[PDB]
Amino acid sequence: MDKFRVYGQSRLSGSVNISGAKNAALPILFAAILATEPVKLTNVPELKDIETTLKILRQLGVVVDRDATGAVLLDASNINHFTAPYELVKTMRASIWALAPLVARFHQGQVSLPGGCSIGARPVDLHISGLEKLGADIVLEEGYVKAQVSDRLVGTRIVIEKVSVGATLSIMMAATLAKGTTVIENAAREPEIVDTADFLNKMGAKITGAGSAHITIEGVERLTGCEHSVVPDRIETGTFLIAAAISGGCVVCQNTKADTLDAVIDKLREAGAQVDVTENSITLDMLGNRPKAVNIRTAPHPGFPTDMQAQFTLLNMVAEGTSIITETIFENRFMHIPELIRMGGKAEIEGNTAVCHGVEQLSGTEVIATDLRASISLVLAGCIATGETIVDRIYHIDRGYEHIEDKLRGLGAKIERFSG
C-alpha cells in the first residue's frame, strides 16, 4: 500500500505542464468503440483510469496501446466481444459508457451495473432511459445491464430531466449511429462533452450544440477514425493554481485552455489571487498573501465544479474568515474535511453544507485518501503544513492525476512515494 511522505512549509511556485482532461479522454476512448478506422489520440494523461479503460477495450477485441511518443493508437475495426465484465467495471463506474456505443454499432451490449460509490448515490437510470428512448430493449440479468435492438437505433427528442454529464454522453454516443435526428434537451454543458462531440465529428458524426443544453445529432450509418488531441484538463489546472493560492506562491500552468475555468478563476480572484490568462497558459500569483475566505456552491458547468470543491475547502481552511461550502452534485463528498481537521482545520458539516473557519497554519500528521479527485487536497495540505504529513492510500490519487509527485516536486514540494 503506497503512501506519500510530505514535508511542508514551502511556497509552491514555478511551471507545470497541464495534461489532457482525464474525463474527456475516458468518454472519447469509449466512443472509440464506434470507430471503423484507426484512431490516434494525443495528450492523453498517464493515469490508472486510462489503463483500466484500455483493459476493458482490449477484452472487447479492440487493439490499443500507447506508443513511445505517448500517443494512444487504437484499432476497433474488429470488436468480437460485447460485455464489459464485473471485475473491471467495479473498479471504475464510468465504464457504463461502453454500453451506448456497443448497442449503437453492434445492436447489443452488456455492462455490469455499477454498485455503490463512497462519494454518493450514483444510479445510471438516465443512461438506460435515454438508450431505451432510442429504441434499445434493456434488462438487468444477474448484475448485468443487457441491451439489444433488432435494427438501427432511431433518433428522437430526449429531455434528460436532470443535468447529467454521463447520460448526456451515453445518449450522444448512441445517437451518432441512430436513424434520423436526435435532440438532447437539458444536456450537460461540460467542456469534456464538447471535446467528445468534436472527436466524434472528426469521424463523420454530425453533432451541433455541444457545450449548450440543446444538442442535435444527425445519425449516420457508421463512423470512421481520426487523430485527436484531448482538451486540456481544467481540474488539473485548477488544482495547480490552488497550489500557488494556498502557499502564497506563483504558478504558471502551460498548455491550458482559457475559458473552461471561469468559475474557479473568479473565486481565486475573490480570494485575493492575481490571475493572468493567455491563450495557452494561466498564471496565478498569490503575492505572498494569505487567502480571503470565499463561499462555494458546486453546480453543473459553467458553474463551480464539484471536482474543485475539496481543493477550495483547503484554501478556505487556511484563509482569513468564515466560509460556506455547499455541494449540490454529490451529497457525500466531504470525506476530506475530517482528514483536514486532523491537521488543524476547522469546519462543521450540516447536510450538504460545510461551514469553515480559516486558521493560519495546518500541522502535519497521517491522513487517508479516498477520492481520486478530491483527496488531492490532502497532499496539498501536506505541502503547507508544519512538520511531516503522511497520506495513505494514494492509489486513489493515481487514478485521477498523472505524475503528481513529479509535478508537485517541480513546484518546490518535498514529497516522496514509499510503502509500509
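Quick note: we count residues from 1 along the sequence shown, nothing fancier.
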Mind pulling up the entry and telling me whether 298-306 or 159-167 has the higher mean Cα temperature factor?
-> 159-167
323-331 set against 150-158, stretch whose average Cα temperature factor tops the other in the entry | 150-158
Report the option among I56, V64, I50, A385 whose CA atom has the maximum B-factor in the deposited record.
-> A385
Determine which member of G238, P101, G225, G345 has the highest CA B-factor, using the values in the deposited entry.
-> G345
Relative to the other modelled residues in the chain, which third contains the C-alpha temperature factor of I28: lowest, middle or highest?
-> lowest
Name the third of the chain's ranked CA B-factors that contains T353, choosing lowest, middle or highest.
-> highest
Can you work out whether the C-alpha temperature factor of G364 puts it in the lowest, middle or highest third of the chain?
-> highest
Name the third of the chain's ranked CA B-factors that contains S19, choosing lowest, middle or highest.
-> lowest
Select lowest, middle or highest to describe the third in which the CA B-factor of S212 falls within its chain in this entry.
-> middle
